[PDB]
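K.L.:
task: produce atomic coordinates for the following.
(chains A and B)
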Amino acid sequence: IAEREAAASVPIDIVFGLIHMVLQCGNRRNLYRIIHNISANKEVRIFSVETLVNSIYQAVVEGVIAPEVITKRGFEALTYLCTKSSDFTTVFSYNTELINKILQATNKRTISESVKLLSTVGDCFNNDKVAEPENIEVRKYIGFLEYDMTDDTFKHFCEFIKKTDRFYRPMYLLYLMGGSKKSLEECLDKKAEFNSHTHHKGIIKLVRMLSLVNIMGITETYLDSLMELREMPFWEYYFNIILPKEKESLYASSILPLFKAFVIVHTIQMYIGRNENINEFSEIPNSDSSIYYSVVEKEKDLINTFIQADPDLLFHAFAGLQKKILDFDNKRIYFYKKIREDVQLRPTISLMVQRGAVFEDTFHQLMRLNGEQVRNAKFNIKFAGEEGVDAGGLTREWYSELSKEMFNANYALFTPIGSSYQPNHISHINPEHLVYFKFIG
Amino acid sequence: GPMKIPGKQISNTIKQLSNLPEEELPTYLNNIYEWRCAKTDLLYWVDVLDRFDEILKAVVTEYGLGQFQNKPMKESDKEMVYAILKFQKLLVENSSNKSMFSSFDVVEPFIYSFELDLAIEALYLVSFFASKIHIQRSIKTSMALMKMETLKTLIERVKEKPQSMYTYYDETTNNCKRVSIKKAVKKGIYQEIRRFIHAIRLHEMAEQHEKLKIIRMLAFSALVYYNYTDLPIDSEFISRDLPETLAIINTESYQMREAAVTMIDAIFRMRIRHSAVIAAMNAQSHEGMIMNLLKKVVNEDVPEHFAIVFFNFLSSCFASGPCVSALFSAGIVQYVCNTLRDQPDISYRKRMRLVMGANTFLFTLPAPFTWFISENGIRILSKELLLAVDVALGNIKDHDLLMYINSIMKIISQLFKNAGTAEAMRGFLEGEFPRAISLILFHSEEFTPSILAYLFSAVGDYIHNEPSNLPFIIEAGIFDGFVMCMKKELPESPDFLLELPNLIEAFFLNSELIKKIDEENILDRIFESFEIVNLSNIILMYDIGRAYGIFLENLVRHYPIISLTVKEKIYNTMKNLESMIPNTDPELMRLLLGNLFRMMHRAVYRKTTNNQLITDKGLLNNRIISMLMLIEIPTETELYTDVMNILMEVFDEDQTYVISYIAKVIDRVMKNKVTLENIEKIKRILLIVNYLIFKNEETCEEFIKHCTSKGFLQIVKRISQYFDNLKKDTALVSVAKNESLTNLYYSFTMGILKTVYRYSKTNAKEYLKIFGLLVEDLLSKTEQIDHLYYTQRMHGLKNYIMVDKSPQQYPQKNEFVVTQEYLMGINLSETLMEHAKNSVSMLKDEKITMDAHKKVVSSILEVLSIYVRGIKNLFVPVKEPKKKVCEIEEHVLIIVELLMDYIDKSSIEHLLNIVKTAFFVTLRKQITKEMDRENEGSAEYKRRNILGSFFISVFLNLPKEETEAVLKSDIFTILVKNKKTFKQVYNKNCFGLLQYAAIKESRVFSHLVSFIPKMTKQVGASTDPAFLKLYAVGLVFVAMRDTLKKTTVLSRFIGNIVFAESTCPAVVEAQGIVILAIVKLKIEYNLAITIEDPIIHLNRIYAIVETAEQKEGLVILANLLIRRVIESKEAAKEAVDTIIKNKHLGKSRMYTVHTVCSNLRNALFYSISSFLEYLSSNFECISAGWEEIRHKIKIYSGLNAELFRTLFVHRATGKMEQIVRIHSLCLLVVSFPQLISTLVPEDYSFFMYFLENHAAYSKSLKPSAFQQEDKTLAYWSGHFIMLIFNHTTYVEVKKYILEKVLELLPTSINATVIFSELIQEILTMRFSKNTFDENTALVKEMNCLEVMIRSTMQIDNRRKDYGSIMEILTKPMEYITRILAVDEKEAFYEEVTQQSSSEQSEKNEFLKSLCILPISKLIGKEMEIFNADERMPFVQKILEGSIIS
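P.N.:
Numbers count the residues shown, from 1 in each chain, chains lettered A, B, ... in the order given. Here you go:
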C-alpha cells in the first residue's frame, strides 16, 4: 500500500512492447503479475500506468484484435494493478491528466469498466494529495448518471463520490439537486398514468441521486433547495391517491422505491466539514409544512413489511428512520445486526458450577473478570459430577438455573408481585450483597 | 474400444438390443424416449455397449473419421448413429458406474462431422459426462479416450459469414497465410485438420446456422466442467457473452434454448464468477428471468426435454447459497406453496417437479425453511399426499402419481431426518399425514418399496423426537397398518430393508407394542432375509447384515424381554442356512454364510449388558463346527475371519467342551463310509483344532487332562489307523494327497504336545507319557512295507523332538529339559545310525533312485541335528555323565561318515547345524578361552575335529550352487583357523569363503597375510572376481591392522600389477575394487605396489556400464575411485572428522564404545588412522563401563585436480556413458567445489556441451517419441550447470555460463523455454543464502530479464499453442521479476509463483535412481564392498580396546 522505489529490473523501452503483448493476449493473469513486479520501481510503474491509459484513450476517442476487445482488456489490466499494491493509484495524483483521459474515454459501452476503475483510482485524493483539484474535469463524472447503470456499477459510482465529496460538494450538489427536482416534476406531470413498475428506471435514478446527496450532505446554500424537494407535490399525490390503488395491483418490491426516495430526502443532513482527521461533522435540519412524519406513521405497517423482506434497509435507505416506527421484531432484528457487526475475538472459557450453588459458583468466577471479558466469552458450562448432555444444553441450563436461584428465598434479592419480581427493600438488602445486583445485570 | 473387465424390463431391453438386426435397432432406440424405470448398473449393459461401440467404429472406419471422405452421409447410417448417441446419454444418466463407458473414442469424430444433428447429440453426451468429473473423478479416464483440447475450435463465436479464409500456422517454415474455401468443387479439396473442418462449416452452412450456434454452447459447457481455468473467461465474457446466452434462453426456439441452459448450468455448477452470474439473471426480482421462466414451464405444455433441462438448472440454483437467497426475495417459497395447495390442474409430474425443488431450497438456506413453516408448508404437502394416495388406491398404478407420492415422502422423511429442520413435525397430528401414512401401510402392495422406506424414516424419526405422541400414532392405526404391511413379502429394496429395523426399535418404545411385535412374529422379516437367495447380493452390497446384528444387540440390551424369541430365531436361522449347504452352489452358499456371520459378529459375543441371553456357547459350537465340515471356507475371506472369532470365543468360554465335541464328531465320521468327501470332513476338523490350539494363549487344566486321557488318546490312535489305511488304495488317495494327510496328522499331534509342554504345573512323566506313545508309534511306522511316506514321518519326528526346549530367555539357549534321558534310553542315535545303513544298502542293490536316496539323507540329518542340539554338553568333557553322551558323539561321526558322499544343497544345511552344535562351546563362546585351549587334548575335542574334517571335505567336493548356501558361516572362523586347513581351502579356489572368515577372525586373517605376496602376481589377468575381492580386502585389512602399532607389514608389499582386458562386468568391477584399494591405501600409508593409471580402468567401467546388467555396482565403484584419486589425506581426515561432529552436537548418553564403532563403521573404514585421532583427543561421553569421559566454505588442501579436467573434457559417444560421466561431475562439484576454480578460461569452451545436450529436450513441453535416456541426459547436463551456480562462488565461471545460456536462449521456442526455466532453476534450487544472493545480483547485472522478455515478445504469434507457451514462459519471468522487486534480504525467502521389454523397463528405472548421495552414505557404500554387511569385523574389535586404553 506504501510507495516502493526498487531497482529498475527491466529497461523502460521494452515495457511498452511488453504491455501491448499482454493486451493482445488471452489468459493474461500471470502476465499482469509481471507488470506489477516490474512496476516495483517508480519510473516503470509511472510508464506502465500511462501506457495503459494511453491505450484506452487512442482506441475509443480516436479509433488483429478489435478496439472493443483491446479497450476492455486495457481497463482489465489498469483495474487489476490498482487493486494490488495501490501505489499505482498514487500515479493518478502525480499526473491528474491520466484521470481526464480515462474520463474522456467513457461512452455507453465503457461506462461499466470505467466506473469500476475510478472507484479504486479515487484513493489518491484520500491523503489530501491531488495538487490541482480544480482542473480534474469532474463534471464529466457526475454526468455519468445519464447512462444506464447496474446496482454493482452504481456501488462503484458512490465510491469515487465519497472520496471526492470534500473537493466537489457544491458542483456535485448542483447536478443532483437539479436532476432529482426535474425527475420529480416528470412524475407529477404523468401522475394520471404513473406506475412505479412501468416507471421503474426513473424512480431508480431518482433514489440514486437522492442517496448520493445524503452521502456528502447539504451546504448552508442548498438549505432552501433541500426543503423544496422534501415538499414536492408528487409526494402528496402518490401517498394519498396512487399508493392505495398500487397496493392492490403491484408487488411490494415495485412500491418500495418511492418509500426509499421519500425517506432519503427527510434523512439528508447539513454537513459542515472535515474538522477531524478523517470524519466530517453533521447537523440535522428540520421540516415544517411536510407530511413526512404523517405518511411514515400512516404506512408504518407497509414500511415494516419492506424491512421484514430486507433488513439491510435500516443500514441504507431507511437508515434515518425514527426507530419509533420499527415494530418489535424488526427493531430486535436490527439491534442484533448492529451489536454483531463489531467483531471481536470470542474465547471459549470454562465454568465449573455445582447443581446446588449455580449462582454463587458463577458469581465467584465471572465477577473476577470485567464487562468486556464477560461480554465476548464463549462460556463452556460444566456442571459438577453430572455429565450427560451437550454443551448447548449446559449453556441453557446454566442460564435457567441462575434465573431460578436469583429470585431465591435464601438469596432474598427480589420480592415477588405475582408472576413478576422487584428488588427486596434497601433495609433488607445487605451492604456487601448489593454487588449481587451488578452480577444479575 | 469396447469395455474391459438386472430386472425384467431391463433384461428385455438388453436382450432386444443384443438380438435385433442392425436395421431394426434405430426404430426401437427411438421408442425409449424417457427412463421410467429404476436406475441400472453399466455392468449389465456390457454386451449392449460393445455392439454400439462396434457399429459406431464401423461408421468412422468407413466414412473416414478425420477426412470424412464420403460427404453425403446415408439416412440409414445417420439415423442409426443418431439413435445410438441419444440412447447412450439416457442410459448413462440413469446408470451406476458411469466411468465404465469405454466407447468415447468412437463418439468424438461425430462432433467434427458434416452432419449437424450428429454433432449436437455427440456433444450432449460429452457435456453431461464432463459434469460428473467433480463428482466421481474416475470418469476422467473414460473421457481420456477422446481429446478434450480439440473442442476449443468450436468455442469461436458464430457470425453471418465472418471469415471466408482460414488462417493457419505451420511448423518448419513458420508462416501464417489465408486459405480460400469458396471453391466448393469437391468434398476433399475445396493436427490442424479438426480446426479447419469447423472453419468450413461456419462459413459454408449459414442456412443451418442455429444448429452450429448451439454446438459452441455444448462445447463450451463441456470445457467449463473440464478445466474452468484454461478457458476464455474474461471481463468481456461477463459483459456480453453472459447476458447474450440468457437472452437466448428467454426468446429462441426450444432446440436452441435447451443448449443455452446447458451452458449456463455449467458456469453455475462450476461457480465461475458466480456473484455476477446470479446478478445477470435478475434472480432477486419478483418477475425475474428465472422466476418467470418457471411459470412458463409449469403452466404451458413445453417439450419434456426442455422442461427437464430447465428443472435440472432450477435445482442447481436451489443448491447455491447466495442464489437461493436472491430467489427467496423473488417469492419462490410463496410460489411453490400456492401452486401446490391452490392449483390442482397441474400434471402429477410437474407437481412432483415442484416438491423436488423444495427438497433442495429448504436445506440450502434457513431463511426459506422458516418461511415455509410460516406459510404452513407441511400442511400443504400432507393435504396433497392424502389426495394423491386416495386417487391411486384401487386403480392400476400410475407411475407419475406414484413418483409424486415418492417425492412428498422423500421431502418429509428428509425434513424429519434433518435435525435443524425438525420444525416440520409441528402440525403432524393435526394434518393429513397420519391418515395417508396408515392408508399406505394397509395397502403397501399398491405403492413402491422406496415410498414405504421413507414412510419408516418419517414415522420412526417422529416417534424418536417426541415419544409422548406414540399413543396418537397407534390410535391412528399406523401400528395396525404396519402389521398388515408385514404380512406381505420382503422387497428387493435395500432402503426398505435398512429402514425396517429402525421403525421396529422406535415401535418398541411402547411396552404394549412389544407384545404385538412378538405375538405377530414381525421379527421374522429381519431373520428370513438371511435365507433368501435373491436378497443375498443386496445384503452383501449394502451393510444390511452388519446393521441387523447391531439392531439385535441394541434391541436385546435395551429391552431384554425379546431375548427369548431373538435367541430362538438366531439359532433357528443358523440351522436353516446350515441345511442349505449340501443343496447350494458353494460360491452362493459362502455368500449367504458371509452375510449371516457378518450379522452374527455384531449380534453375539458382545461385551455389552443383557447380551449373555442371546449368546449360547453350546448352540454356537454345534452350528459353527457343523458348517465348517460341509463347506470349505478359505482363510483369505472375511467369512473365515468372523466364523473363527466366534469359534475362538466359544473355545475361550469352555476349551474342554469344544475339544471333546470335535473328538466325538471326528471318530463318528471314521465309522461312516470311507469316501473322498468324508476325508475332507476329517481334514477340515483337524485344520480347525490346529487353529484353536495355535491361537490359544492361556490353557486350562481340564483341557490338558482331556488331552492326556485314555479316552481322547484312543480316538487319536483311530485317526492314525484311518489315515494310514488310505495309503493302501492308491487309486482312491494319491501319494501326494497321502503325504499332505500325513503332514496334517503330525502337525495336529505336535500341536497337542506343545500345549501340554507349555502348560504350567505339567508333570515330567505326564508329558513323557504322550511323548513316549507318539514317538514309539512314529518309529514303528518307519519299519513297514510302505517306505513312500518316510520323509513325511521323519519331518514329523523332527518337530516332535523340537517341542522339549528351554523357554529361550538367554540368547541361543536350546537344551532338553526333560526328554534327554528318555531319548537316550530308547537309542535314537543308534536307530538313526541303522536307518542310514539300511537306506544306503538299498542304493547298492539299486532298489532306490539316486535322487530318492539323497532325500532320505536329508531326513536322517534333519532329525539328527535336532536331537544333538538338545543334548547337554555334547562334545564337552565332564567325568561324571560321559557314559551315554559319549556314545552319541561316536554315533554322529559314524552317521556322517556313511552319508558324506550323498549330501546335497538340501543336506548341507543340516550337516552345518550338526557341526555348529558339535563346536557349540567354542562357537557361541561358553568356555573361559584359556580353558578352551586346555580342553583340546580331549576325546570329545578330538571327535569334533574329525567331524570338521568331514564337513570341509564335503564342502570342497560341492559346486558353486550348493556351497553358496553356507559360503559365509561362523564355523569357518574355527575350521579355517588352522593354517593347514586354510591352505586346503585356498588350493580348492574358494576365495569367497576365506574372505568372509578372515574379515571376522584375526587368527584366520594372519594366514591370509602370508598369501598376499604370492597372489599379487595373479591379480593382473585374474578373471576370478572372488580372488580379486579377497586380495583387495586383504590389503585394506592389513593396512588397518598396521595402524594399531603394526606399521612395517604393508611397507613390505612390493610388486607391479597390470590388469588384462575384460569383457565381463563382474571381473571389471573386481579389478576396479583392487585399484580402489591400492589407490586409497597409498593416500595414508606406504604401499610399494605400482599399478597402471586408474584412468585406464575407470574408462573401461564407463564403457561397460551401457551393456552390463546391474549397473549400480559399477557406478558406485567408479565414483568412489574418482573420489579416492582426487581426495587428499587432509580432505579424507576432514571428511571423517565432519561425520563424527554430527554425533557430538547431540550431547546424548551414547554409553558403549561398540555402539559408536558399529554406528560409525563407515567412517571407521574410511580412514581408521583419522578415526582413532578424533576419539583419543576429542573424547566423547562414552561410559565404556567406567563412569564417563569429559567430552565438550569447503577449503581442502592437496587435491589432485588433474582427473577433474580429464573427466570434464571427455565427450562420450554412447548415450548411457554420457549420463554416468555427467553424473560423476555432479558429485565432484558437490564433494569438492574447489575443482571448478582449477579450470583455465580456455576450458570454458567445453561447457557448451552441457548446455547443448540440456536444450535437446524441453522438460516443460513434453515432446512425442522421446526416450528416457535422452531425458535424464538432458537433466543431469543442466543439473551440473545449476550445481556449479549453487555450490561455488566463482563469479567469472558463472559469468561465462550465463553469457552462453543468454546467447542460446532466443535461438528457438524450445531453447527459450528450456533456458528460461534453467535460469530460474539456478535460483529456485537455493543451496545457500550467500550463493543465492550472488546469483540474484548476477542475473540483474547480466540483464537476463531483458533477454527473455524480448525473446517472448519476438515469438509472439497467433497460434493456439501460444497460450500454452505463455503459461510456461511467464512462470520463470514472474519469479525473476519478483526477486528483483523485493529487497536483497527478503529475496531468499521468496517462493515460486506466490524379456526384452521387461529388461528395457529395468534400464529406464535405473536412470531415475541415479542421484547425488550424502557423503556419510557414499563413504558407507565404500565400506560395504570391503566389509560385506558384517556388523563386526576383527578390526573393529581391536580398535575398541585401543580407544578405552
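
K.L.:
who in chain A is up against chain B?
P.N.:
A:4, A:6-7, A:9-11, A:14, A:17-18, A:21, A:25-27, A:30-31, A:33-34, A:37-38, A:40, A:68-69, A:72-73, A:75-76, A:112-113, A:150-152, A:251, A:253-254, A:309-310 (CB under 8 Å from any CB of the partner chain). For the C-beta atoms, the positions are set from N, CA and C on the backbone; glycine is no exception.

K.L.:
and those residues, which are buried?
P.N.:
Buried members of the residues of chain A next to chain B, scored by 16 or more other CB atoms under 10 Å in any protein chain shown, are A:6, A:9-10, A:14, A:18, A:21, A:26-27, A:30-31, A:33-34, A:37-38, A:40, A:69, A:72-73, A:75-76, A:112-113, A:253-254, A:310.

K.L.:
on that earlier part again, helices - which of the residues of chain A next to chain B land there?
P.N.:
A:14, A:17-18, A:21, A:30-31, A:33-34, A:37-38, A:68-69, A:72-73, A:75-76, A:112-113, A:151-152, A:253-254, A:309 (DSSP state H).

K.L.:
for chain B, which residues are neighbours of chain A?
P.N.:
Counting by CB under 8 Å from any CB, chain B sits next to chain A at B:230, B:232, B:234-236, B:239, B:276, B:279, B:285-287, B:329, B:1340, B:1343, B:1345-1346, B:1349-1350, B:1352-1353, B:1356, B:1363, B:1366-1367, B:1370-1371, B:1373-1374, B:1376-1378, B:1380-1382, B:1393.

K.L.:
for residue B:47, which three-state class applies?
P.N.:
helix (DSSP: H, G, I helix; E, B strand; the rest coil).

K.L.:
grab the nearest non-local neighbour of it.
P.N.:
Leaving aside its chain neighbours, residue B:47 sits nearest to residue B:18 (5.8 Å; criterion: CB to CB, 6 or more residues apart in numbering or on different chains).

K.L.:
what's the regular element (helix or strand) spanning the one you found in contact with?
P.N.:
Taking DSSP states H and E as the criterion, residue B:18 maps to helix B:9-19. Outside of helix B:9-19, the residues within contact range by CB atoms under 8 Å, 6 or more residues apart in numbering or on different chains are B:6, B:25, B:28-29, B:32, B:37-38, B:40, B:44-45, B:47-48, B:51.

K.L.:
just the buried ones from those?
P.N.:
Of the contacts of helix B:9-19, these count as buried by 16+ other CB under 10 Å: B:25, B:29, B:32, B:40, B:45, B:48, B:51.

K.L.:
in strands only, show me those.
P.N.:
Residues of these located in strands (DSSP state E): residue B:40.

K.L.:
can you put the buried ones among the contacts of helix B:9-19 in TSV and add distance to residue B:1253?
P.N.:
Converted to TSV, the buried ones among the contacts of helix B:9-19 look like this (distance: CB to CB, whole Å):
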residue	distance to residue B:1253
B:25	58
B:29	58
B:32	61
B:40	57
B:45	53
B:48	54
B:51	52
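
K.L.:
tell me the two of the buried ones among the contacts of helix B:9-19 that are most distant?
P.N.:
Farthest pair in the buried ones among the contacts of helix B:9-19 (CB to CB) is B:25 and B:40. Separation: 18.7 Å.

K.L.:
just the helices in the stretch 851-1000 of chain B please.
P.N.:
For the stretch 851-1000 of chain B, helices defined by DSSP state H, counting those that start in this stretch occupy the ranges B:885-898, B:907-918, B:920-923, B:930-935, B:939-956, B:960-963, B:972-975, B:979-987, B:991-1000.

K.L.:
how about the strands in the chain?
P.N.:
Going with chain A. A:270-271, A:282-283, A:348-353, A:378-383, A:414-417, A:420-423.

K.L.:
meant chain B, my bad for not saying
P.N.:
B:40-41, B:95-96, B:168-169, B:176-177, B:1054-1057, B:1088-1091.

K.L.:
quick one, what contacts the one residue in the stretch 1051-1200 of chain B that gets nearest to chain A?
P.N.:
Closest approach between the stretch 1051-1200 of chain B and chain A, counting by CB to the nearest CB: residue B:1193, at 28.3 Å. For residue B:1193, the contact set (CB under 8 Å, 6+ apart) is empty.

K.L.:
related to what we said a few turns ago, just the buried ones among the contacts of helix B:9-19 now: which is nearest residue B:581?
P.N.:
Among the buried ones among the contacts of helix B:9-19, and counting by CB to CB, the member closest to residue B:581 is residue B:40, at 32.7 Å.
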